[PDB]
């Protein structure tokens, strides 16, 4: 699609790495390959990619995602947005940036499924975006919450959730 954007939520060393402060360990690490391939997909079409990061070394992007970001961060289709709450839209210009660019569809990847992803997805929903949350592209430390949130995205938010 041409009116689509990728939202990469809080994929930082502190959340993903084993020696990270508030880490998610292995599950957040198991989505690295899928996120890297979603970034390349969007970049191929010069679709817009937003890296959304909690503001507070540890706040650098994790692993291959952080590596890829270093090589594309100057491109006009790549954005880095500091956020102060879990919800990527709260107190940020994200919605206005998407609207400027005629985006009405977001794909959301990152961590955690039932916190920052969920809060971001709910705001995307209220703001009238079409939503995709691929189950291979999100993770949580809480298995019950991960499964709870994927069904919430599908059944309450009308989101495409591909297994």
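Residue numbers count along the first chain shown, from 1.
In the deposited sequence, the stretch from residue 56 to residue 57 hides 10 or more residues that have no coordinates. Note on 65 to 73 vs 130 to 138: mean CA B-factor is higher in 65 to 73. When 38 to 46 is weighed against 120 to 128, 38 to 46 comes out higher, by mean CA B-factor as recorded in the entry.
Ranked by C-alpha B-factor against the other modelled residues of its chain, residue 7 falls in the lowest third. Sort the chain's modelled residues by C-alpha temperature factor and residue 152 lands in the lowest third, per the entry. The entry lists a Cα temperature factor for residue 31 that places it in the highest third of the chain's modelled residues.
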